[PDB]
Every structure is written in structure tokens, then in C-alpha cells.
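Enquirer: Generate a structure from the sequence data that follows.
(3 chains, ligands or ions: 9)
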Amino acid sequence: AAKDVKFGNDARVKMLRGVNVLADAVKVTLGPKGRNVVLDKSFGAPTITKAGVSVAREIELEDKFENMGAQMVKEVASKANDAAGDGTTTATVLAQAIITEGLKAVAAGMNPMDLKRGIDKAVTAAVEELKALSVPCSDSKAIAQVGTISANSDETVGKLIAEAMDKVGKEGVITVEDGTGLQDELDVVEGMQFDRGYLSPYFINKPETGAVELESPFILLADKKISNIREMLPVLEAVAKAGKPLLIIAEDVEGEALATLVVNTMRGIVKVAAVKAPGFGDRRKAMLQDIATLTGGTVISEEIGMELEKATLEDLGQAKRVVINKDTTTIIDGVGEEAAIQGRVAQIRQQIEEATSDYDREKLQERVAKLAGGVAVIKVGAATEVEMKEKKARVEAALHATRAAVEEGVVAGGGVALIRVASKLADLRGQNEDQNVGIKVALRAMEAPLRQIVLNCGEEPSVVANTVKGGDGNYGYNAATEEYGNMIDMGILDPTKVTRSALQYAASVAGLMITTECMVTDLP
Amino acid sequence: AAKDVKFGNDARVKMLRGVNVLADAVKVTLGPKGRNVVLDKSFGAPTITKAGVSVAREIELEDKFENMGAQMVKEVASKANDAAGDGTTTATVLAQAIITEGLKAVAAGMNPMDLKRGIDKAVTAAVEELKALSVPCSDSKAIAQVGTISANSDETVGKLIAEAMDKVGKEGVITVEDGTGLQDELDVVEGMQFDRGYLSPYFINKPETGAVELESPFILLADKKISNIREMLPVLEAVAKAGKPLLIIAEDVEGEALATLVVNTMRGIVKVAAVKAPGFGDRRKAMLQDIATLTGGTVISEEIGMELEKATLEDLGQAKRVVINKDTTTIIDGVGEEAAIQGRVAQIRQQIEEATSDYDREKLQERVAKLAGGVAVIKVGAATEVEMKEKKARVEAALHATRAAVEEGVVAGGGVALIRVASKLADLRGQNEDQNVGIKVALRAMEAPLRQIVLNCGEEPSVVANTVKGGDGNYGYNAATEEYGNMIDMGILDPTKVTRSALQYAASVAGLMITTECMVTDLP
Amino acid sequence: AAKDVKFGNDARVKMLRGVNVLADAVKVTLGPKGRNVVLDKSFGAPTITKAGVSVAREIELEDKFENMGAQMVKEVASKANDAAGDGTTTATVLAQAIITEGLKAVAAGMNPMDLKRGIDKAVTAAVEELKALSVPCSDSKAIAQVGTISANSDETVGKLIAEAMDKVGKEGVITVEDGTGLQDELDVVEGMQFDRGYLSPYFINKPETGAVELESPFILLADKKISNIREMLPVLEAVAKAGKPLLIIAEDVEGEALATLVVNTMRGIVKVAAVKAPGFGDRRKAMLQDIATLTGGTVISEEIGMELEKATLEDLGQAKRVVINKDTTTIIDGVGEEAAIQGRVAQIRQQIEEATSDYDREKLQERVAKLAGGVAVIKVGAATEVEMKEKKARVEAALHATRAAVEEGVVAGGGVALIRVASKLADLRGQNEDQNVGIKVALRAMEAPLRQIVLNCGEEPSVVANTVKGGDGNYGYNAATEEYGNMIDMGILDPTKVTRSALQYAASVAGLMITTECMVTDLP
Ligand SMILES: Nc1ncnc2c1ncn2[C@@H]1O[C@H](COP(=O)(O)OP(=O)(O)OP(=O)(O)O)[C@@H](O)[C@H]1O
Ligand SMILES: Nc1ncnc2c1ncn2[C@@H]1O[C@H](COP(=O)(O)OP(=O)(O)OP(=O)(O)O)[C@@H](O)[C@H]1O
Ligand SMILES: Nc1ncnc2c1ncn2[C@@H]1O[C@H](COP(=O)(O)OP(=O)(O)OP(=O)(O)O)[C@@H](O)[C@H]1O
Ligand SMILES: [K+]
Ligand SMILES: [K+]
Ligand SMILES: [K+]
Ligand SMILES: [Mg+2]
Ligand SMILES: [Mg+2]
Ligand SMILES: [Mg+2]
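Expert: Numbers count the residues shown, from 1 in each chain, chains lettered A, B, ... in the order given. Ligands and ions are numbered 1, 2, ... in the order given. Now the structure:
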């Protein structure tokens, strides 16, 4: 299509206009006294949210140039969210400050590229300063605090994530779903448990419900399917010579073998249950090995010379109790020694260097949690669907925030961190005057979060800013109680990772964005 | 469709106007104090770039005639990019100048054709003068400098390309992709390395991680599948008489074969590994020939008289050491003679210089880089996707600029080269006055790059130009430090190839373009 | 659709207007001081050309009637190009002159049909007169000159096609393609070359690229395909006793025989190559006989009593050198005596004197050209694609022009020839006054070319016309050097064929066009 082209001040003003539309559209959700946004959707009912990224994503402008600007600044929120999962609004505001002040510096006639350079320098130094200021977050109290703040000061979330991480372990895997009831409910699975229930409902035990429990059970593992039942002679007879109940694991077992199983179990000669393999292809075997080590038995595999026939009482695994229900399989206690299990945890460390980032991390934490650890599922309660969506979003985000807080530590919230590191980099300089101006632009922009929060609280931002800048250390302004004090002692802490990320991303996009001298877009 | 037609000055003015829209759209991106351009995209987010070609490709006008002009001059930047990969803007500016003064001369009533002739002669002579002026750049310092300048004065890129070219070789193959982290990372793989790791991790060697190393290994390769292993009697038994370890390569190997193999390695009679085929269909074979020749053995194929049974140790390949892990396989040094690998690099150089033009180059260069000349892969680091695209693009262009610099040498940047060869061609004449005017058009137009740079720096161009012409040799104006001096000592070098290419292309298209007397297009 | 109809002076004026649009659009490209035209293209970048036909083809008008006229006059340029390949503008201008002067005569109230009659007669006499004035063009100099003039006075092209025809032969085949490099490059293939490359790329020789050359090669030729390979005992045995390499030509060769063949070449016991039959049905056999005659061997044929098995070294052919590549097969020197070729060429001469006169003439002449008359491929060098297109086009046209010059001879350029034959037909009369007006219309129109060229040079056309008519013989006006003189001695030569063609076509189409009294077209 024929293109519309614009140059210089015209284009820059246009862009800035679009950017500011997006920014103003996002900013209303910042701070403890922030406000929500409703997004219409072509299909169903609209969405209410406080999460900046969503509103940014929904934003699109009619004026092609304004559209361009907004569509470029959206990447701030998007990348921020994709990276850490919180503080996206902060990032956006930073971006706006850098872009505005930057363009102002360009209007003085200064070299844009050098401005970008200065900004980049300042931001790098700031990142190092943050990495230094970062304080480790280990106690359940602090974690509760981060979770609370990331959920917009809702301590329910704090205590919830607290109980979760406390029970599973500080690194263990936690997931969250839409709840059934109105109140938040936490489900926790301890020890070895996985999907796929029993095959034949014909099996029953001492309790009801169809779930089968076994006393001092024996475990077998196989790679292939089975069809013959006479072929199970060397094993079954042995078990028939022991009297002890048996458990079998493979991808499947056909109707006739299961029939034999049901008949022999019903006549009461031996109690046996059968359950399909957990995963697919390589993964199911990779898990079968660890299950074997946990039980104490040895894996049998058709892909190796060892056949289904050759089966010994040492190849069989051992446990104290096993329970299998309709959908899930559960092992209570494997006789595998603590040294063996610990060694398994050792060998697991090798499996980390194959990311495949969060997919490898999720599968790895999944298989690891089936050891001494555990799995936590948070079911978020709400009255109506909108409440459900927003609440779940906030809870997820809170989880990500606590995770990042554990990973890279925390710094004093209320955006006082940026003020502190700027005030520390006050003496930072560049290779020439314009670059110095760039440095000053970045630093000046670093005050933006706090003052924006204060603006959203209906209080004079310049004043609060200056009064906070006048202080030292973790001195900051608590917006909820409208009083100054030590932010950490008041429990307002932002994960270092999210702040660092915000600053970096915003600095990148804005730094490039202020280097525009020409724009080409489609003609209307 | 019914056509609109225009003659003479009307058409020419229209054309010039279109050309000038494109030209101005490109021109803003020239020089160290140059500025960037934003291109809207029909699909996703907009693009920031400094690449003249990109903006040129994106340009299209509403007035059919202006459009004709612009769409004709875009080919300059395009052909320039396809040829050298840098200096496209320079070519564009040259074209604009030539077109303007040319059209002025035509409006003076001079014969356009003779103008073309004069321009062409002047340009040829200029090219000869440049190839004469060309100064070779072999050393790491200078290469670092040209790579640096092509990357808009970013010495990170220069030093990076330097380390690359140093490790792989000045002619060896280098590739570059978008990185994962924020900082640039360089990986270099020496010898033979490619995808597809082992299938069964059950067999292992001295190291951990599952990776297996072999001592003076023997290599096998097959085109089709297999099922029997007893049919491999004549080879395996022979190896059992040799003791040397074996490797197998095919599309895959079946379960029972894997069983026999794993058992045989576990019992410790012979250590052997098997890996799936690298490519697909013809490609995997085309590479299999190369691996066979590198090892020294001969390819076995079912489509030829040689069967799966018939296998000897002369067709079988040999190497000194091989390491294979989960996903990739690596051979360091094949015992295949240097004559074999050399003959093969010859043959591959032959097979690339035929296939055309774009689709083939990636797979073919992939096949080329896998020999004794290692392959270096540069991972470009960036904060956000936009920065990634622009930085990566600039890096590729810079790589091309350095390669072209190696191929044809360098001359003093700042476009002073053109000024100098112009000052040298002062006594050049033609067969008549009009051709002299053409020559003069070329010569005067050759000042355009430098003066344009100075103009972009916000300095008076005529003055700087005259002060540079007043000097001699590599005397030029460094715009970054805003000071005159020896361009070479300042590290401002333009590859001769890019300069020559620019001038020639611009000369062709403009030379033709100024001979227009009629234009025909569709009706609006 | 409902029709718009127009009569008499209205219609004629409309028609004339359209005609003049096309005419004015074309005339600008006439002469050495001619100018170019730009044609927009729906897909990619526009085309620059001097070729009248292209411009004529692109023209189309909105007014249905004007459109009608132009669309009728396009046929002149089209047929002219299909016939000779040059002089199309000349034809067009003649057409315009005839149409205008004619329409004036019709508006005088004279009988249009009689005008047609007169024009036709005058033109007939003129063509005969041209046949008389026609001077043979045999020497390399004259040919070069014609090539130069047809290439818009560029002696590079003249000398190039001259060298082409000189190396290849006055009867041999010459082709032209887009070059790879920047300079014009001539490739010449000596001795028999045709389609169909190798079958299996598996076999290779001393050179690379996959193309195989043979040393003092031996050739066999067959009519049918094969499936068995052992039955070729009498052949293979011979080569197995001789060691000399073999070449085979047949309809095809199946998979297993080709497999044995390639394996046979790989083990290195016998060097052999295989290539598909040249033509189809009658042509493949008819030429296979010729290959047999040139090599010295005898054709083997299944359709004749001699079997594939019974084959002796007397039936088998021999050659000096053979090179066969991916698509083409080439034999350098057949051992067949010089006398042998002549007799076959004789029989072909007998096959020429038959009915079917077109397609057969082409097949027969190619087949005749397949002997000592070498093949030339001209690779046209240029910097960019537009230059490439225009230059290649001009080169083809020049080639056709020289071919025609050789075929039917040459006459003095500058359009002085037409003036001469007009002045000769001054005393020509018809059957009535209106027809006299017709012949006079033709004659007056015949001055148009010269007058138009001078008009394009910007000098008074009437004066130069009169000064040239005032002279005698080949005295004419050279526009390039702006001086009068003997045109033949000045190297301005026009093929008689192209001029004759121009006059004839224009006379036909215009002659018909001026007899219009009604026009019927669609309603807008
Ligand atoms: N009670 C409080 N007093 C002072 N500052 C607070 C308080 N609660 C939160 N903040 C500050 O507000 C910021 C969080 O704002 P908000 O939760 O509205 O958006 P965000 O988390 O920055 O981004 P996202 O849109 O991803 O949620 C934090 O940086 C925090 O320091
Ligand atoms: N610091 C400097 N001082 C003087 N001249 C410079 C400096 N940096 C670059 N140049 C000149 O600028 C030119 C390169 O400009 P730039 O990299 O902006 O675009 P380009 O490479 O010409 O075109 P493109 O990159 O779009 O293909 C070089 O010819 C070089 O001589
Ligand atoms: N230097 C010259 N002096 C005089 N007449 C010339 C000269 N050059 C060419 N001509 C005349 O111009 C005619 C050819 O013109 P031109 O090559 O411009 O177009 P064309 O061949 O008529 O048609 P086309 O556009 O198809 O090439 C020839 O008949 C020749 O006599
Ligand atoms: K928020
Ligand atoms: K550039
Ligand atoms: K022409
Ligand atoms: Mg939040
Ligand atoms: Mg550059
Ligand atoms: Mg011509």
C-alpha cells in the first residue's frame, strides 16, 4: 500500500502522543491506592484488571503514528511480564518518563544517539547498584509480605503462599487453579503420587470407595505390554510362594491378563493390582528408574537383553504400604535407603543444565517433588467469574513475585530503591555533554514510580519525593497509612529482579524510541 | 487498463519528486550522528532501523509517477545490499545527486544519452582509481576498526568480529543469531559437529552427562533401515578381532538391535554407539558422503549394488577421537587423508556455486561449515526484541562489511575517497561538451556523501568539504570528535568494495533514468 | 452490452487522436539522439526502454475510440518486431504520416478505397525498388556496423556479434542471455551440443561440478531401453578388453542397470556414462543417424533386424572428447571423415525441398547447425537489473538486425533510402485521380523517418530534408556528427529487410484504417 511518511518534530510529537495515551491508560492501576480497568472483549463479558500488561495489550490507536508509538511501548509491559510477572506498570511509567524527558533533550538539538548511550550507561550502573542493594529473602514472614504486596496488599495471599512454600519446600513446585468454593482452598500432595488410577474396578480392599490398599507390597516395572499369563509363571508362582501382595507397572495390560488377575484375586490366592505407565516415551522410563530406586528394586526393560521371563526377587521393588484409587496412584514408604534417595537427589542436579527454561524446570520440579518433597495446588475462591479471573491473576502474579524475591532477593518498595540508587549515581558521567544529559535523563526518570504512586494517592508527589530524598537508608513513604518510616520494617518490599528488569526493558525501548527522525506507515 | 501518459519536463519533475521522497526518507540515517527510522508492519510491532535498504524497501508513493521514480531508485540500495551489505545509503545519495544535476543538464537542453555516456566513463575511471587506492586490511586491529565503524562506532562489535575471524579463520564460515541472554556470547565448534545425539543412554564412557568418548574409533554409516544384527556378522566379528571401538549412523536402529548393542557394551566385549541421521532425504546422504570422506571410508547405500550384509573395513570409516552426547554428535579429527577433505572442500565449493539463490544458501553453508574449518556462532545479546532485531541486523551488515574489506581492501572513510578520486579525474574528457557535462555531473555528485554526513552533524557542509579538498591523502573530517585529521589513524575505514559498488550501481540506474522523455502508468 | 456508434468526420477525428497518442508516445525513441521511455509494471519495478514495440504494447486509452485507433496501430510494431526485430519506430512513424495525410485526402471528399489502392501500388513499386537498391552485407566490418547502428551506435555490440558470427560461422546458431558479471562475455561451444544430461549424478571424472569428461571416448547408440545387463556381454567384454571409456544414448536406462553401471564406475574397472535420447519419435532417430555418421559408428536399431546383443566395434562409434553435464551433452570432435558429413547434409537438403515449410525448416536448420557450425551464447554484462534488461533487449534486436542484414542485404540508413525510392517513383501514376493522391500520399509519407530523426535532434527538419533530396546517391545527413555525406561510408547501414517490412506493414494497416466511416464500441 502507498505509504504515509513523516519526519522529525511532527513524527516525534505523534509518537509521544500515542505513548502517553497507552501510559495514561495504564498508570491508573499503580500503587496501593491504584484503580482498576475494564476491557471489552468481542466474545463474552468484559474483564476487570489491575495488571498493566493486559490493558497495554488491549490498547490500539486509530492514528497510525500514535498507534506505532503505543505498539512499541507495549513491549515494555510484555517483556516485563514474560520475565518476572510483576512491576510492569512501574516499567511502563519509567518508560514514559525516559521518553518525555528524552524528547525534551532532543528538542534542545542534542544528538539522540548519545542520549541513548548516556541512558544505557546510567541504567547499567544502576543495575549493578541494585544487585548490590539486593537483600536475601528467606523467612516465611518476608515471603508472606512480598506475596501480600504483589497481590495489592491482600494478606490472604501472603499467608497462602506462605503455607504452600512452607509445606512443599522453598523451591518446590506450586500451581494455582480456579477454585470450586468461595474461599481459597489449598491442596497438598506429599511423597510419591502420580496420575492414572486402577484398571479393573473388580478389585476391592478393607475400605470401600474402590480404592485398594496393600500390606508390605511388591512392585514390578516393565517397558512393553503383556498378553500371556502363563508367561508370568516364574514371577506369580514365586509370589504365590510368598503370599505377599503384588503391584505391576507397564504402559498397559490387555483384557485377558487383567481377567486372570481379577479371577485369581477374587478367589483370594494372591492380591494384585495393575496400573498404566505415568508418562510417554522416554519420560515414563526416566521416572520408572527413580521409582525403582525409591522402592529398592531393579528396572526390567525389554529394550535390554533382560526379558519378561527372567525375573528375580531382587528385581522386585519393595514398600511398606501402597494406595491406588480411581484416578491416582500413591506410594507411602519406599524401603530404598536414605543414602540411595539422597544420591538420587544428587544425580538430579545434573538434569538442570538442559533448559529448555521453565518447561525443564517444571518437569524437573515435578519429578523431584515425587521424592521427599511435595506438590502444592492453590484453588482460588471467588463469588463470581470476574472476581475469579482477577483474583487468580493477582495470585499467580504474587507467586511469581515471591519466586523472584527468593531468586534474586528484595529491596525497599515504594519505589524508594530507584531514588536511592539514582542519588548514589549522582556523580556518574559520560564521554561528552549530551551523554551526561542522557545519564541525567535516566536518573531523573528513576524518581517516576514513587511520585506516580503518590499522585495516585492524591498527595503532592514533588513534596513526598523531596522529603524521601532528604532521608537515608530504607526511609520511605507508606501510602496505605500515609506515614513515613522504614519500609522494610513496615513490610513494603519489591523483589530485586522485577525492579532491575523494569529499569532495563524500559531503558532499552525508550532509548531506541528517542532516536526517531522518520516514520513510514500505511495511508488511511 | 487505460493508461496515463506524460512527456518531458512534466514526467521528469514528477519522477524527481518521487526519487526525492525516497532519498529524504533514507538520508536521515547516514553518519555517526545519524538518526533512526521506524517502519510500521501490517502484522506485528513496528521496526526501528538504521539500514537504508529497509526504509527504501518499505517506501511506496500515491502519485503513480512519483511512485515510479522511487521504486526505480530503491533498486540501488537493494543491489548494494545484495552485493556488499553496507554503504547502501551512500549509493542512494549518489543516485539522488546524479539525478538532480543530470536533470538540470537535460533542462538545459543537452543530449541525455551523451550525459549518460559521460557519467558512465567518469564512473569507470573512478572505479579504476579506487582499486588503485585500495589498501589491504589483514591484521586484527584494522578489521576490528572497519567492523566497528560499520556497526555505527560500537567497538564491541569490532572486537567481537575480531575474536571470531581470529578463531575460525579469515575465510572460515561465521554465523550469527539472536541470543538468549542480555550479553553477547560467542560459541565456536571445531571440526565436525551436528545435531542428533545417541538413542540409548544405557551405554556410557569415562565422563558423565551420558556423553561417550571413543579411542581411535571406527565409523559406520547406512542410508536405509535395518532389523537383523546377525547380518552384521562380517563387520562386527572383524571388529571383535580388531578391538577398536565402532560407531553406527543411520536414520534409526530398531529395539532388538538396541538390546544386543546395550548388552554387548554392558558385558564389555565391544564399545559401540548409534546415532540417527542428521538431515532428510537427499540432504542426509549429501552429508553422509562428506562424513564418509572425512573418516576415509566409503558410503554404503541400498540403492546401489552394495547390500546391508556386505560390509568391509575399507568402506568403513576411521577417526582418532569421537565424542557423542544426548542431542549432538562431534568428531574432532578423522583419519581420512588431508587430500580427501581438501578434495571435498573443493567439491562443496563447486556445489554451492551452482544452486540459486536464497533457499539453498543456508543448508549449503551449513554443510560447508562442518569440516576442518570450525564454525563460529555469534549470539547477539539484547534486552528487548526491538533492540535485538536492530542490533543483530547491524551485526550481520558489519560482518559483510568486514568480509568485503578483506576481499577488496579499504580506503579512507568519511567519503573522502570519492572526493580524492574526483580531484584526480579532473583532466578526464569526452567526445563532446555534453559528455563533459556528464563527467562533471559524476565528479560534483561524488562530494555528496561527505557533505551529507556533515549536514547530518549540523555543520556547514560546503566549508568542511572545501577544507577536506584543500588537504591531501587520508586527510578528512571525523564527525564523532568533530575534528580533522588522518582518517586511518582515527580508525575510519570504508571497504573498497562497498564504495565501488555504490558508485557503480547509482551510476547505472541514474544514468539510465535521466534519459526519460515519456512515462506510462495505470490511471488512478 | 449496449453499443456506442460514430460516423464520418467525428469517428475519424477520434481515431486519429488515439493513433497520434500512440505515435507521439513512440517517436521519442527514434534516432541516435533518441530518448528513453519508462513503462510502469503491475508487479515489480518499472522498465526503461528505447524499443518502440514495448512502449506501443503498453499503450491503452480511456476513450474507447481513441483506444481503438491506438490498439490498431500497435499491430504495426508487433508484426514488425516478430518479423525483423528492429526499425519498429520507423514503421510506426510511416503509419502515422500515411494515416494523417490520407485522412486529409478523405476529408477532401476523395474515395477512401482508391486512396488505399494508390498507397498499395506505390508501396509495391517501392518494395521492388528497395530490392534493387539492396546491397549485400558479407564482410565483418559491414556486419559490425549494422550491429552498431541497431544497438543505438554502440560499437561494442557490433564488434561482439561480429566476433560471434565469425567464430561460429555464417550459418551457425547464436544466442544471448543475461550475464553474471559486469562485462559482456562470449561463450563458444564447438561441436554438437544438445539437451538431456546425465541420469545418475553418482559418477564423476577428473573435473568437478558433476559433469563428466572422457578421454578418447567410445560411444554407443540405441533405439530402445534396456532391463537386462548381462546380455550386453559382447559390448562390455570389448571395453573390458579395451579399457577405453564408453558413452551410451537411448530412450532411457532403468534402475538396477544404472546401479550396476555406477557401481562399475565406482570400483573403477570401467569408466562409462549414460544420457537420454535427444528428441522424440521421428526426430530422435533422424538425428541419431546423424550422430552415427559423424562419429563413424553405425546406428543400432530394434526396429531393424539387428539386435541389441549383436554389436561389434564396427557398429560402435568413436569420438575425440565428450563432456556431459546436468542438462546438456556435448561432443567435441567426431572421427567421422569430412566427406561423411556432406552427404548427410545433402539428404537434409533434399528433406528441405518438401511441403511443410515452417516448423520443419526450423527443426531441419537446427539439425543442420548441429555439425561444424558452432554454437555461441552471449552473456550480457551489466551492473543492475534495469540496465541488464535494456541492454539485453537491444542486443537481441541488434542480432536480429544483423541476421536480416546478411539475409536480404543493406541500404543507406538515415531514412535516405525511402526518400530515394520516392524520388524514383515520382513519375508513378494510377487508374484515377484519387489513386494518384494515394501514391503521392505514400511518397510524402516516406519522408517522415528522416524528418522525424532530425526533429528529435532539434534542427529544422524541412531544411535538412530538402538538402538531402537536393543531393544524389547515398548522400544523407548524419545526426551524430551533425554533418552531411555518404552514409554507407559513414557506417550507417539499415538492413533492407527491416525497412521493407516497415513500409509494407504500415501501408497495410494504415491503408485499411483510412477507409473507416463508422466505429462501434462498448458504452462506458
Ligand atoms: N502500602 C504501600 N505503600 C507504599 N508503596 C506501595 C504500597 N503497596 C505497594 N506499593 C508500591 O507499589 C508498587 C506496585 O504497584 P502495583 O501493584 O499497582 O503495580 P506493579 O506491581 O508495579 O505492576 P503490575 O501491573 O505488574 O502489578 C510497588 O513497587 C510497591 O513498592
Ligand atoms: N566517526 C566518523 N567520522 C567520519 N565518518 C564516519 C564516521 N562514522 C561513519 N562515517 C562514515 O559514514 C559512512 C557509513 O554511514 P552509515 O553506517 O550511517 O550508513 P551506510 O553504512 O553508508 O549505509 P547502510 O548502513 O544503510 O548500508 C561511512 O562511509 C563512513 O565513512
Ligand atoms: N547516427 C545516425 N545518423 C543517421 N541516422 C541514424 C543514425 N542512427 C540511426 N539512424 C537511423 O535510425 C533508424 C533506427 O532508429 P532506432 O534504432 O532509434 O529505432 P528503430 O530501430 O527504428 O526502432 P526500434 O525502436 O524498434 O529500435 C535506422 O533506420 C537508421 O537509418
Ligand atoms: K498494577
Ligand atoms: K545506515
Ligand atoms: K530504438
Ligand atoms: Mg502488582
Ligand atoms: Mg553502516
Ligand atoms: Mg533499434
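Enquirer: Show me which helix runs longest in chain A.
Expert: helix A:385-408 (DSSP state H).
Enquirer: What is the subsequent helix or strand relative to that one?
Expert: Per DSSP states H and E, the first helix or strand lying C-terminal to helix A:385-408 is strand A:410-412.
Enquirer: what packs against that next one?
Expert: strand A:493-495, helix A:496-513 (3 or more CB pairs under 8 Å, 6 or more residues apart in numbering or on different chains; DSSP states H and E). For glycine as for every other residue, the C-beta is placed from the backbone atoms N, C-alpha and C.
Enquirer: do the longest one and chain B meet at all?
Expert: Just to be clear, that refers to helix A:496-513. Yes - interface with chain B: helix A:496-513 contributes A:504, A:505, A:507, A:508, A:509, A:512, A:513 (CB under 8 Å from any CB of the partner chain).
Enquirer: Which residue, neighbours along the chain excluded, lies closest to the third one?
Expert: Yep, that's residue A:507 we're talking about. What sits nearest to residue A:507 in space, not counting adjacent residues and going by CB to CB, 6 or more residues apart in numbering or on different chains, is residue A:123, at 4.1 Å.
Enquirer: Next, the distance between the ends of stretch A:325-341.
Expert: Start-to-end span of stretch A:325-341 (CA to CA, to the nearest Å) is 26 Å.
Enquirer: buried ones in that stretch?
Expert: Residues of stretch A:325-341 classed as buried by neighbour count (16 or more other CB atoms under 10 Å in any protein chain shown): A:328, A:329, A:330, A:331, A:332, A:334, A:336, A:341.
Enquirer: mind saving the C-alpha coords of stretch A:106-120 as CSV?
Expert: Extracted as CSV, the C-alpha positions of stretch A:106-120 are listed here (Å, rounded to 0.1, in the frame of the first residue of the first chain):
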residue,chain,number,x,y,z
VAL,A,106,16.3,16.2,21.7
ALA,A,107,14.4,19.4,21.1
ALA,A,108,17.5,21.2,22.5
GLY,A,109,19.2,20.0,19.4
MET,A,110,21.4,17.3,21.1
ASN,A,111,22.4,14.1,19.5
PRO,A,112,19.8,11.4,20.1
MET,A,113,22.3,8.5,19.8
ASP,A,114,24.5,9.9,22.5
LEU,A,115,21.4,10.4,24.7
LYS,A,116,20.6,6.7,24.3
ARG,A,117,24.2,5.9,25.2
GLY,A,118,24.1,8.0,28.3
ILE,A,119,20.8,6.4,29.4
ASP,A,120,22.2,3.0,28.8
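Enquirer: Count the neighbours of the residue in the stretch 1-150 of chain A that ligand 8 sits nearest to for me.
Expert: In the stretch 1-150 of chain A, the residue that lies nearest ligand 8 is residue A:113 (13.1 Å; CB to the ion). By the criterion of other CB atoms under 10 Å in any protein chain shown, residue A:113 has 22 neighbours.
Enquirer: does it count as helix, strand or coil?
Expert: Three-state call for residue A:113 (DSSP: H, G, I helix; E, B strand; the rest coil): helix.
Enquirer: Number of residues surrounding the residue lying closest to it once chain neighbours are set aside?
Expert: Distances taken as CB to CB, 6+ apart put residue A:515 closest to residue A:113, at 6.1 Å, once the chain neighbours are dropped. Summarising burial for residue A:515: neighbours were counted as other CB under 10 Å, giving 22.
Enquirer: check contacts around residue A:515.
Expert: A:112, A:113, A:115, A:116, B:35, B:36, B:48 (CB atoms under 8 Å, 6 or more residues apart in numbering or on different chains).
Enquirer: burial of the third one, as a residue count?
Expert: Put plainly, it is residue A:115. By other CB under 10 Å, the residues close to residue A:115 number 30.
Enquirer: cool, and the first one?
Expert: Applying the criterion other CB under 10 Å, we find 25 residues in the vicinity of residue A:112.
Enquirer: Phi, psi for the closest residue to it other than its chain neighbours please.
Expert: The shortest distance from residue A:112 to any non-neighbouring residue, by CB to CB, 6+ apart, is to residue A:515 (4.4 Å). When read as degrees, to the nearest 10, the backbone of residue A:515 gives phi -100, psi 20.
Enquirer: so how far is ligand 3 from residue A:515?
Expert: Residue A:515 sits 50 Å away from ligand 3, taking CB to the nearest ligand atom, to the nearest Å as the criterion.
Enquirer: what secondary structure does residue A:189 sit in?
Expert: The three-state assignment at residue A:189 reads strand, by three-state DSSP.
Enquirer: who's it bridged to?
Expert: residue A:375 (DSSP bridges).
Enquirer: what's near enough to touch it?
Expert: With CB under 8 Å, 6+ apart, residue A:189 has these contacts: A:374, A:375, A:376, A:377.
Enquirer: which one of the residues you listed has the most neighbours?
Expert: Of these, with other CB under 10 Å as the count, residue A:376 tops at 25 neighbours.
Enquirer: how near is that residue to chain C?
Expert: Distance, residue A:376 to chain C, by CB to the nearest CB, to the nearest Å: 61 Å.
Enquirer: Residue A:411 too?
Expert: From residue A:411 to chain C the distance is 57 Å (CB to the nearest CB).
Enquirer: So for that residue, what's the nearest residue that isn't a sequence neighbour?
Expert: Closest to residue A:411 by CB to CB, 6+ apart is residue A:417, at 4.4 Å.
Enquirer: Ok, residue A:159 next?
Expert: residue A:144 (5.9 Å).
Enquirer: pretty sure that neighbour contacts residue A:158?
Expert: Yes - between residue A:144 and residue A:158 there is a contact under CB atoms under 8 Å: 3.7 Å.
Enquirer: quick one: which of those two has more around it?
Expert: A count of neighbours by other CB under 10 Å puts residue A:158 above the other of residue A:144 and residue A:158, at 25 against 22.
Enquirer: The more buried one is in contact with residue A:145, isn't it?
Expert: Yes - the pair residue A:158 and residue A:145 qualifies as a contact (CB under 8 Å) at a distance of 6.4 Å.
Enquirer: which residues sit in contact with residue A:239?
Expert: A:218, A:246, A:270, A:272.
Enquirer: State the pair within these that is farthest apart.
Expert: Farthest pair in these (CB to CB) is A:218 and A:270. Separation: 10.3 Å.
Enquirer: what do those two both touch?
Expert: Common neighbours of residue A:218 and residue A:270 (CB under 8 Å, 6+ apart) are A:239, A:245, A:246.
Enquirer: phi, psi of the first one?
Expert: Dihedral angles of residue A:239 (phi, psi; degrees, to the nearest 10) stand at phi -70, psi -30.
Enquirer: looking at it, residue A:284 is touching residue A:251, isn't it?
Expert: Yes - Residue A:284 lies in contact with residue A:251 (CB under 8 Å); the separation is 7.3 Å.
Enquirer: quick one on the thing from earlier: just the residues of helix A:496-513 next to chain B now: which is nearest residue A:279?
Expert: Distances from residue A:279 to these, taken by CB to CB, are shortest for residue A:505, at 36.6 Å.
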